[PDB]
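Asks: Fold the stuff below for me.
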Amino acid sequence: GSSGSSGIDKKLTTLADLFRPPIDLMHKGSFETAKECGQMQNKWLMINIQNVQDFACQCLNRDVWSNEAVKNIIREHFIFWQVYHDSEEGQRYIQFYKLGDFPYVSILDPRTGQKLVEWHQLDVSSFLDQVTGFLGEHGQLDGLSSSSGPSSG
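Replies: Numbers count the residues shown, from 1 in each chain. Below, you will see the structure:
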(Lines give C-alpha, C1' and ligand atoms only; values in the text may rest on other atoms or scores of the structure.)
Protein backbone atom coordinates (compact mmCIF):
# COMPACT_ATOMS: atom_id res chain seq x y z
CA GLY A 1 0.00 0.00 0.00
CA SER A 2 1.94 2.98 -1.32
CA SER A 3 -0.70 5.61 -0.55
CA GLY A 4 -4.40 5.83 0.26
CA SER A 5 -6.46 8.69 -1.16
CA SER A 6 -9.35 9.83 1.04
CA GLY A 7 -12.37 11.91 0.07
CA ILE A 8 -15.09 12.51 2.65
CA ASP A 9 -18.17 14.53 1.70
CA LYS A 10 -21.05 15.61 3.92
CA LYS A 11 -24.62 15.66 2.59
CA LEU A 12 -27.76 16.88 4.36
CA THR A 13 -30.88 19.01 3.94
CA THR A 14 -31.62 22.08 6.05
CA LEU A 15 -35.07 23.09 4.80
CA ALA A 16 -37.74 20.58 5.81
CA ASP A 17 -41.51 20.46 6.25
CA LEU A 18 -44.67 18.38 5.86
CA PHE A 19 -44.84 19.20 2.16
CA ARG A 20 -42.12 16.55 1.98
CA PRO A 21 -42.22 12.93 3.21
CA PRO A 22 -40.05 11.49 6.01
CA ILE A 23 -36.82 11.15 4.03
CA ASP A 24 -35.18 9.99 7.25
CA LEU A 25 -36.45 6.54 6.28
CA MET A 26 -35.96 6.72 2.52
CA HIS A 27 -32.19 6.65 2.03
CA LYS A 28 -30.42 8.38 -0.86
CA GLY A 29 -30.53 6.80 -4.31
CA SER A 30 -26.93 5.64 -3.93
CA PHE A 31 -25.36 2.23 -3.34
CA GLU A 32 -21.93 3.33 -2.10
CA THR A 33 -23.40 5.48 0.67
CA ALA A 34 -25.74 2.72 1.85
CA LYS A 35 -22.81 0.42 2.62
CA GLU A 36 -20.61 3.33 3.70
CA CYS A 37 -22.97 4.75 6.33
CA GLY A 38 -23.27 1.27 7.82
CA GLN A 39 -19.69 1.73 9.01
CA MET A 40 -19.86 5.22 10.49
CA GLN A 41 -23.33 4.58 11.91
CA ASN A 42 -22.28 1.02 12.72
CA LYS A 43 -25.62 -0.45 11.64
CA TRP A 44 -26.78 -3.37 9.50
CA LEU A 45 -27.64 -3.04 5.81
CA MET A 46 -31.04 -4.22 4.59
CA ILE A 47 -31.55 -4.42 0.82
CA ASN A 48 -35.00 -4.42 -0.77
CA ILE A 49 -35.68 -5.07 -4.46
CA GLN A 50 -39.04 -4.56 -6.17
CA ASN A 51 -39.78 -5.25 -9.84
CA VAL A 52 -41.46 -2.51 -11.86
CA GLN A 53 -44.70 -4.38 -11.16
CA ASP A 54 -45.89 -3.49 -7.65
CA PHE A 55 -48.25 -6.47 -7.86
CA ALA A 56 -46.02 -8.55 -5.58
CA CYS A 57 -44.91 -5.63 -3.41
CA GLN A 58 -48.41 -4.26 -2.83
CA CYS A 59 -48.94 -7.50 -0.92
CA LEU A 60 -46.10 -6.88 1.53
CA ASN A 61 -46.44 -3.09 1.55
CA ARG A 62 -49.87 -3.90 2.98
CA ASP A 63 -48.89 -5.20 6.41
CA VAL A 64 -45.27 -6.29 5.98
CA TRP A 65 -43.79 -2.85 5.37
CA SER A 66 -46.85 -0.83 6.37
CA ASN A 67 -45.99 -2.01 9.88
CA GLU A 68 -44.69 1.17 11.52
CA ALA A 69 -42.51 -1.12 13.62
CA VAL A 70 -40.89 -2.73 10.58
CA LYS A 71 -40.12 0.68 9.08
CA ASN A 72 -38.84 2.13 12.36
CA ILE A 73 -36.59 -0.92 12.75
CA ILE A 74 -35.37 -1.20 9.16
CA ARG A 75 -34.63 2.52 9.34
CA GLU A 76 -32.98 2.52 12.77
CA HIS A 77 -31.43 -0.93 13.17
CA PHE A 78 -30.79 -1.44 9.46
CA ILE A 79 -30.39 0.98 6.55
CA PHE A 80 -33.62 1.30 4.57
CA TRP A 81 -32.47 1.03 0.95
CA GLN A 82 -34.77 0.01 -1.90
CA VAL A 83 -34.29 0.26 -5.66
CA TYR A 84 -36.22 -0.96 -8.70
CA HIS A 85 -34.68 -3.55 -11.01
CA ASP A 86 -35.31 -1.52 -14.16
CA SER A 87 -33.03 1.21 -12.81
CA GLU A 88 -29.25 0.87 -13.02
CA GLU A 89 -28.61 0.15 -9.34
CA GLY A 90 -31.17 -2.64 -9.56
CA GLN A 91 -29.78 -4.14 -12.76
CA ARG A 92 -26.32 -4.49 -11.20
CA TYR A 93 -27.48 -5.70 -7.79
CA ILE A 94 -28.93 -8.64 -9.71
CA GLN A 95 -25.60 -9.88 -11.08
CA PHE A 96 -24.19 -9.36 -7.59
CA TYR A 97 -26.14 -12.26 -6.09
CA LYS A 98 -27.44 -13.49 -9.45
CA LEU A 99 -31.00 -12.60 -8.42
CA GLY A 100 -33.87 -13.99 -10.47
CA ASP A 101 -37.02 -14.17 -8.36
CA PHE A 102 -38.98 -11.51 -6.48
CA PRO A 103 -39.45 -10.09 -4.11
CA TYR A 104 -35.88 -10.42 -2.86
CA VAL A 105 -34.78 -9.53 0.67
CA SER A 106 -31.42 -10.16 2.33
CA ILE A 107 -29.08 -8.78 4.99
CA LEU A 108 -25.64 -7.62 3.88
CA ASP A 109 -22.71 -6.43 6.00
CA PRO A 110 -21.58 -2.82 5.39
CA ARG A 111 -18.15 -3.85 6.67
CA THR A 112 -17.41 -6.99 4.65
CA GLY A 113 -20.36 -7.01 2.27
CA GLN A 114 -21.06 -10.73 2.54
CA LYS A 115 -24.60 -12.12 2.46
CA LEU A 116 -25.35 -13.51 5.92
CA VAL A 117 -29.02 -14.42 5.49
CA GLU A 118 -31.40 -14.94 2.57
CA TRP A 119 -35.21 -14.87 2.56
CA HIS A 120 -37.57 -15.21 -0.40
CA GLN A 121 -40.96 -14.78 1.26
CA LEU A 122 -41.29 -12.41 4.22
CA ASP A 123 -44.17 -11.80 6.62
CA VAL A 124 -45.22 -9.51 9.47
CA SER A 125 -44.51 -12.28 11.98
CA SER A 126 -41.68 -13.98 10.08
CA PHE A 127 -39.77 -10.82 9.18
CA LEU A 128 -39.81 -9.68 12.80
CA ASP A 129 -38.90 -13.09 14.23
CA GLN A 130 -35.98 -13.44 11.81
CA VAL A 131 -34.73 -9.87 12.25
CA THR A 132 -35.15 -9.79 16.03
CA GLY A 133 -33.44 -13.16 16.24
CA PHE A 134 -30.49 -11.91 14.20
CA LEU A 135 -30.21 -8.69 16.21
CA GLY A 136 -30.21 -10.57 19.50
CA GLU A 137 -28.14 -13.49 18.24
CA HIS A 138 -25.40 -11.54 16.47
CA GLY A 139 -25.86 -7.94 17.60
CA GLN A 140 -25.24 -4.48 16.17
CA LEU A 141 -21.82 -3.64 14.73
CA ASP A 142 -18.86 -2.91 17.00
CA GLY A 143 -17.22 0.42 17.73
CA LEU A 144 -18.41 3.47 19.66
CA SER A 145 -21.37 3.28 22.04
CA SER A 146 -24.15 5.86 21.74
CA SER A 147 -26.99 6.14 24.26
CA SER A 148 -30.31 6.53 22.44
CA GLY A 149 -33.55 7.44 24.18
CA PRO A 150 -34.07 8.11 27.90
CA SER A 151 -34.36 5.49 30.64
CA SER A 152 -37.70 4.16 31.87
CA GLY A 153 -38.62 2.49 35.15
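
Asks: From now on I want contacts and neighbour counts done on CA atoms only, so please keep to that.
Replies: Will do.

Asks: could you check the distance from residue 90 over to residue 21?
Replies: Residue 90 sits 23 Å away from residue 21, going by CA to CA, to the nearest Å.

Asks: Out of these two, name the residue with the larger neighbour count.
Replies: residue 90 (19 against 10; other CA atoms under 10 Å).

Asks: List the buried residues in the lengthiest helix in the chain.
Replies: Looking across the chain with DSSP state H, the single longest helix is helix 124-137. Buried residues in helix 124-137, counting neighbours by 16 or more other CA atoms under 10 Å, are found at 124, 127, 128, 131.

Asks: so what's the first one closest to, chain neighbours aside?
Replies: Excluding its sequence neighbours, the residue lying closest to residue 124 (CA to CA, 6 or more residues apart in numbering) is residue 64, at 4.7 Å.

Asks: looking at it, the one you found is touching residue 126, isn't it?
Replies: No: the pair residue 64 and residue 126 fails to qualify as a contact (CA atoms under 8 Å) at a distance of 9.4 Å.

Asks: need the helices for the protein, in chain order.
Replies: Ranges of helices within the chain are 31-37, 57-63, 68-76, 88-97, 124-137, based on DSSP H.

Asks: Between these, which one is closest to residue 103.
Replies: Checking those against residue 103 by CA to CA gives helix 57-63 as the closest, at 7.1 Å.

Asks: tell me how far stretch 91-104 is from the chain's mean position?
Replies: 16 Å (CA atoms, centre = their mean, to the nearest Å).

Asks: Just the buried residues of it, please?
Replies: The neighbour-count check on stretch 91-104 (16+ other CA under 10 Å) flags 93, 103, 104 as buried.
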